[PDB]
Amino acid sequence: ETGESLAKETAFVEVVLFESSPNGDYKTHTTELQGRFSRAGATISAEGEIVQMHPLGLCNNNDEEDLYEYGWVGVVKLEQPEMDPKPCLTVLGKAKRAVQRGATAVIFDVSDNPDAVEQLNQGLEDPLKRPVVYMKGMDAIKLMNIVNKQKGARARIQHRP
């Protein structure tokens, strides 16, 4: 019978806020956060503009969905599972759909749905070639606060073995 699982590698997630000058120069200010690379995706670095996606918006339905520039980092905050009694897609399905729609990586805030982690790390479905990261606690609160309050931010997800 099977034993315990290898601990998932740490995703170091730099969230970059930037400011332009009149001359066309940028200053940046980085916050470093941590999550984990799930088995649903590859363990590799990825980077792009942060785009929040409501969990209900990641479906095969609502078919005519809008068009974002390729290479965005999706941030999805999961709710308590009873808040979507019949999901259009599983959590894996939602990650895949974000990648279909141009996401270079997906970060799930799993604080309110810790069972999402187990589902992500099951490894039955074919894993995506992009990273699917999960975050919670302090780190997730900080990510979601920046999403909620700042104008734009870029995520840099680093794998450093």
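All residue numbers are counted from 1 along the displayed sequence.
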property	result
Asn61 unmodelled in at least a third of other compared entries	yes
Between 121-129 and 93-101 (mean CA B-factor, as deposited), the higher	121-129
Higher-B stretch (mean Cα B-factor, as the entry records it), 84-92 or 69-77	84-92
Candidate set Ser38, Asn61, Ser45, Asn113 [ranked by C-alpha B-factor, highest]	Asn61
Relative C-alpha B-factor of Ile107, binned into the chain's lowest, middle or highest third	lowest
Third of the chain's Cα B-factor distribution that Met135 belongs to, per the entry	lowest
Third of chain Cα B-factors occupied by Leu33	middle
